[PDB]
Amino acid sequence: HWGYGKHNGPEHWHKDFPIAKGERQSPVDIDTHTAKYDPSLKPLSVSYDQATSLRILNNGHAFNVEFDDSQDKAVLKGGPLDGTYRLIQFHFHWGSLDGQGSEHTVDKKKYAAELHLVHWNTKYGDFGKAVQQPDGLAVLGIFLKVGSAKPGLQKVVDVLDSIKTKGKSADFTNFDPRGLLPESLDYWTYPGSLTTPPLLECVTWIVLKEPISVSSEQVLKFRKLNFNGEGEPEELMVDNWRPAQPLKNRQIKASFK
Ligand SMILES: NS(=O)(=O)c1ccc(-n2ccn(-c3ccc(F)cc3F)c2=O)cc1
Ligand SMILES: [Zn+2]
């Protein structure tokens with residue numbers, strides 16, 4: 001099965017998932033000087049006031065905080081998007097060292113981690129139908145750097161001991177994802193893909209310019225998670241990021257200049 005190891009990592013994925021070599025794969029390097037300001041881009045509308053978190057799950061590749069997406073409770077609209085996209089889950093990618101961990105890069109700079117807030121287009125009725133469509137998903141990506149603690153992240157950090165291994169889940173209600181956002185909603189956007197198998201080319205990527213800062217203690221707690229299940233040999237869940245893929249015939253657009 002695919003993973004992030006020496007024998008099953010990103011360079012192997014194309015054997016089971018040939019779209020890994022496709023025309024709109026993610027992540028990419030964001031070259032800030034070649035991105036083009038698009039004044040027709042609208043400000044993002046992030047409406048998370050009614051978000052209903054349900055649970056947190058270690059899926060063996062990352063941990064997902066999952067939300068109730070059976071009604072328009074937490075939605076993303078505006079920006080480059082047409083229609084309404086519902087928040088289904090968020091997760092992170094992170095490194096074994098503070099100098100790596102993000103999937104997107106900015107002028108080849110790697111951040112310590114990257115947050116992905118995953119949303120699906122309500123015109124397709126459910127998430128599984130949405131991932132089959134070229135405009136099915138919108139993922140809001142936010143970079144993490146190590147510095148001051150992020151207070152809004154601490155309740156995530158504190159539950160991780162309960163989902164150490166693959167397949168473990170825990171109740172996780174009343175979490176407010178607005179506490180994970182930076183001050184500015186300036187962004188870059190491009191059409192791309194899921195960054196893990198099945199690597200489907202269904203994502204409008206929206207990557208925020210402004211990182212959030214988390215403390216060294218917070219990221220150390222991510223690095224104590226395990227890829228393995230309980231009772232299997234322990235392998236630390238670190239470096240669960242795919243490297244930058246070729247931009248090919250794509251232009252990255254900026255909402256700011
Ligand atoms: N890192 S990311 O681009 O934000 C990303 C990467 C992979 C996923 N992902 C993996 C499996 N699935 C999935 C789950 C249920 C389903 F019906 C279809 C899927 F593709 C999925 O959405 C979701 C998000
Ligand atoms: Zn992700």
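By convention here, the first residue in the shown sequence is residue 1. As the structure lists them, so they are numbered: ligands from 1, and atoms in each ligand from 1. Side chains are part of it too, since the values below use all heavy atoms of this structure and drop only hydrogens, waters and symmetry mates.
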Novice: For the Zn ion (ligand 2), which N, O or S atom of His116 is at the shortest distance?
Specialist: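 For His116, the N, O or S atom at the smallest distance from the Zn ion (ligand 2) is ND1.
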
Novice: With a 4.0 Å cut-off on heavy atoms, is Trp241 in contact with ligand 1?
Specialist: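 So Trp241 does not count as touching ligand 1.
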
Novice: Of the options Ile212, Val146, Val106, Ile142, which is the one that meets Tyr111 in a side-chain contact (heavy atoms from CB on, under 4.5 Å)?
Specialist: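 By the side-chain contact (heavy atoms from CB on, under 4.5 Å) criterion, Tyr111 pairs with just one of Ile212, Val146, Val106, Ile142: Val106.
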
Novice: I need the contact type for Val203 against ligand 1. Using non-hydrogen atoms and a strict under-4.0 Å cut-off, is it side chain, backbone, both or neither?
Specialist: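 Looking at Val203 and ligand 1, no heavy atom falls under 4.0 Å.
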
Novice: Would you mind running through ligand 1 and noting each atom that sits below 4.0 Å from a heavy atom of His116?
Specialist: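 Counting from 1, the qualifying ligand atoms are 1 (N), 2 (S), 4 (O).
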
Novice: Suppose we measure from atom 7 (C) of ligand 1 to each protein heavy atom; which comes out shortest, and what is that distance?
Specialist: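 Going atom by atom, the protein heavy atom closest to atom 7 (C) of ligand 1 ends up being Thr196 OG1, 3.0 Å.
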
Novice: Quick test: of every protein heavy atom, which one is nearest to atom 17 (F) of ligand 1, and how far off is it to 0.1 Å?
Specialist: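 Answer for atom 17 (F) of ligand 1: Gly128 CA, 3.8 Å.
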
Novice: Taking side-chain hydrogen bond (donor to acceptor under 3.5 Å, both in side chains) as the criterion, tell me which of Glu11, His93, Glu103, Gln25 meets it with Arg242.
Specialist: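 Only one option passes, and that is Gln25.
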
Novice: Does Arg55 come within less than 4.0 Å of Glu66, counting only side-chain N to carboxylate O?
Specialist: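 The answer is yes: the pair qualifies as a salt bridge.
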
Novice: Could you check, using the six-membered ring where one of them is a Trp, whether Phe90 and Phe175 have ring centers closer than 6.0 angstrom?
Specialist: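 When the ring centroids of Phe90 and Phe175 are compared, they turn out to be within the sub-6.0 Å range.
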
Novice: Which ligand 1 atoms does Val118 reach within 4.0 Å, using its non-hydrogen atoms?
Specialist: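 Near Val118, meaning under 4.0 Å from one of its heavy atoms, ligand 1 has 4 (O).
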
Novice: Give the atom numbers and elements of ligand 1 that come within less than 4.0 Å of a heavy atom of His93.
Specialist: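 By the 4.0 Å cutoff, the relevant atoms are 1 (N).
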
Novice: Which protein non-hydrogen atom lies closest to atom 22 (O) of ligand 1, naming both residue and atom, and how far is it?
Specialist: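 Answer, as residue, atom name and distance: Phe127 CZ, 3.0 Å.
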
Novice: At a non-hydrogen distance cut-off of under 4.0 Å, which region of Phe90 contacts ligand 1 (side chain, backbone, both, or neither)?
Specialist: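 Neither; no heavy atom under 4.0 Å.
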
Novice: Is the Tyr190 to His104 ring centre distance short of 6.0 Å?
Specialist: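 Yes: the rings meet the under 6.0 Å criterion.
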
Novice: Return the residue, atom name and 0.1 Å-rounded distance of the protein heavy atom closest to atom 11 (C) of ligand 1.
Specialist: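 Ranked first by proximity to atom 11 (C) of ligand 1 is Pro198 CD, 4.0 Å.
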
Novice: What about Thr195: any of its N or O atoms under 3.5 Å from an N or O on ligand 1?
Specialist: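 Indeed, backbone or side chain, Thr195 has an N or O that close.
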
Novice: Of the options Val219, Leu144, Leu220, which is the one that meets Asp98 in a side-chain contact (heavy atoms from CB on, under 4.5 Å)?
Specialist: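 Checked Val219, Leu144, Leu220 against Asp98; only one passes side-chain contact (heavy atoms from CB on, under 4.5 Å): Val219.
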
Novice: Which of the numbered atoms in ligand 1 are under 4.0 angstrom from any heavy atom belonging to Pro197?
Specialist: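 Per the distance check, 10 (C).
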
Novice: To which protein heavy atom is atom 9 (N) of ligand 1 closest, and what is the distance rounded to 0.1 Å?
Specialist: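 Answer for atom 9 (N) of ligand 1: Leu194 CD1, 4.2 Å.
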
Novice: Looking from the Zn ion (ligand 2), what is the angle between NE2 on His93 and NE2 on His91, to the nearest 10°?
Specialist: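 Value, to the nearest 10 degrees: 110°.
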
Novice: What verdict does the ring-ring contact (aromatic ring centres under 6.0 Å, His included) test give for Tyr4 and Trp13, after you've listed the backbone C-alpha separation in whole Å, the side-chain angles of each residue and the deciding distance to 0.1 Å?
Specialist: CA-CA 10 Å; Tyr4 296 95; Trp13 292 353; 5.6 Å; yes

Novice: For the pair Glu234 and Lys164, find out whether any cationic side-chain nitrogen is under 4.0 Å from an anionic carboxylate oxygen.
Specialist: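 A salt bridge is present here (some side-chain N lies under 4.0 Å from a carboxylate O).
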
Novice: Measure from NZ or CZ of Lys73 to the centre of the six-membered ring of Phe67 and say whether it is under 6.0 Å with the direction within 45° of the ring axis.
Specialist: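 No - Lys73 does not lie over the ring of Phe67 by the 6.0 Å and 45° rule.
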
Novice: Applying a heavy-atom cut-off of 4.0 Å, say which part of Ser26 lies close to ligand 1: side chain, backbone, both or neither.
Specialist: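 The answer is neither.
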
Novice: Quick check: does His91 get an N/O under 3.5 Å from an N/O on ligand 1?
Specialist: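 Yes, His91 has an N/O under 3.5 Å of an N/O on ligand 1.
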
Novice: Is a salt bridge present between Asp107 and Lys109, judged by a nitrogen-to-oxygen distance below 4.0 Å?
Specialist: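 A salt bridge is absent here (no side-chain N lies under 4.0 Å from a carboxylate O).
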
Novice: So which of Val157, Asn240, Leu236 actually passes side-chain contact (heavy atoms from CB on, under 4.5 Å) with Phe222?
Specialist: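 Going through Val157, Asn240, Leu236 one by one, the side-chain contact (heavy atoms from CB on, under 4.5 Å) with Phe222 is satisfied by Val157 alone.
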
